[PDB]
Amino acid sequence: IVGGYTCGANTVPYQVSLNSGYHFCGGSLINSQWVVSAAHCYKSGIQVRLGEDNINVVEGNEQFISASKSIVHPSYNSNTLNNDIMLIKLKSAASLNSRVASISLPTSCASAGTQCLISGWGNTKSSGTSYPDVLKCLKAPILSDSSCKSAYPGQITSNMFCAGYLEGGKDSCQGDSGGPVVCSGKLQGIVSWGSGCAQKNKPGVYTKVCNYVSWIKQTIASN
Ligand SMILES: CC(C)COc1cccc(-c2nc3cc(C(N)=[NH2+])ccc3[nH]2)c1[O-]
Ligand SMILES: [Ca+2]
Ligand SMILES: [Cl-]
């Protein structure tokens with residue numbers, strides 16, 4: 007997260023770290039056995055780490071559970087990143103409490119101007135790599151479709167939305183991919199891509215979760 011702030015330990019109880027011997031992507035807990043992340047964060051050998059704050063220290067509250075299966079969206083396109091969503095089922099269910107809790111799926115899509123919270127352990131510099139030990143947070147508004155398409159002409163599908171600041175300085179970045187964009191207590195986006203990090207006129211692009219609620223529900227129900 008570039009231009010963000012320290013969230014505070016466990017203030018984002020649905021945030022998870024996908025780990026394969028190091029932190030590589032973020033994700034969101036939606037029920038005690040399922041997490042949602044981005045399809046391009048897929049790999050085998052994934053351990054889901056819940057209740058984390060400092061990812062390099064066991065401070066307490068952590069639950070490390072292996073993934074039993076990852077379900078990448080059948081229409082995911084690695085070249086355009088269209089349908090960049092993946093569901094991970096956990097080997098055992100997580101114990102939910104106040105430090106580990108799930109976030110709700112939306113019933114409607116959010117509108118431009120809606121303010122949302124993006125969190126993650128991704129890079130904090132737009133030029134160079136500086137990864138943090140604790141969770142970083144950023145409040146960012148959803149932008150209008152016209153400003154998003156003007157910024158990335160030909161690359162935005164109806165399953166993506168832009169959120170951020172056109173002046174630059176605040177944005178999600180590498181290491182944040184797969185994590186949550188929460189607005190009014192509902193999971194509305196998944197960190198997906200962007201051009202560099204916090205560059206002027208190049209806001210972040212997120213997977214539009216409201217277009218996948220029936221797919222998420224039907225898939226969890228049959229697995
Ligand atoms: C499969 C992963 C281990 C590799 O993931 C990645 C490798 C290189 C860059 C990214 C990445 N750049 C990103 C930029 C942004 C942004 N809003 N500017 C957001 C997420 C990003 N994720 C990324 O997610
Ligand atoms: Ca820790
Ligand atoms: Cl266009």
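Residue numbers (mature numbering (1 follows the signal peptide of the UniProt record, and there is no 0)): 7 to 229. We put the beta carbon where it would ideally sit given N, CA and C, even for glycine.
Option in the options with minimal Cα separation from residue i
| i | options | result |
| --- | --- | --- |
| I148 | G210, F70, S220 and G202 | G210 |
| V215 | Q53, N207, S152 and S110 | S110 |
| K206 | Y212, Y171, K142 and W221 | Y171 |
| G33 | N25, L102 and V42 | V42 |
| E173 | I94, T225 and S153 | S153 |
| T120 | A204, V188, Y218 and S136 | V188 |
| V64 | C122, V8 and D139 | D139 |
| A116 | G185, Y212 and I222 | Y212 |
Cβ neighbour criterion (16 or more within 10 Å) applied to residue i
| i | result |
| --- | --- |
| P80 | exposed |
| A45 | buried |
| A99 | exposed |
| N165 | buried |
Same chain, Cβ closer than 7 Å to residue i, neighbours up to 5 away in sequence not counted
| i | result |
| --- | --- |
| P19 | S104, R105, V106 and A107 |
| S136 | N129 and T130 |
Spatial neighbours of residue i in its chain, beta-carbon cut-off 6 Å, leaving aside the 5 residues before and after
| i | result |
| --- | --- |
| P112 | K192, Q194 and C216 |
| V219 | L111 |
| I94 | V41, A73 and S76 |
Ligand 5 heavy atom lying under 8 Å from the CB of residue i
| i | result |
| --- | --- |
| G191 | The ligand content of the structure shown is limited to ligand 1, ligand 2 and ligand 3, which means ligand 5 is not among them. |
Proximity test, residue i beta-carbon vs ligand 3 heavy atom, cut-off 8 Å
| i | result |
| --- | --- |
| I124 | no |
| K155 | yes |
Distance cut-off 8 Å: residue i Cβ against heavy atoms of ligand 1
| i | result |
| --- | --- |
| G210 | yes |
| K176 | no |
Residue i at chain D interface by Cβ criterion, 9 Å
| i | result |
| --- | --- |
| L144 | You won't find chain D in this structure, because it holds only one protein chain. |
Near ligand 2: residue i beta-carbon under 8 Å from a heavy atom
| i | result |
| --- | --- |
| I61 | yes |
List in chain order: all unbroken beta strand (DSSP E) runs of 3+ residues lying wholly within the segment 21-60. 21-25, 29-37, 40-43 and 53-56
Considering only residues of the segment 61-142, which uninterrupted beta strand (DSSP E) runs meet the minimum length of 3 residues and lie entirely inside it, listed in chain order? 69-78, 92-96 and 121-126
4-residue-minimum alpha helix (DSSP H) runs that sit fully inside the segment 141-183, ordered along the chain: 151-157
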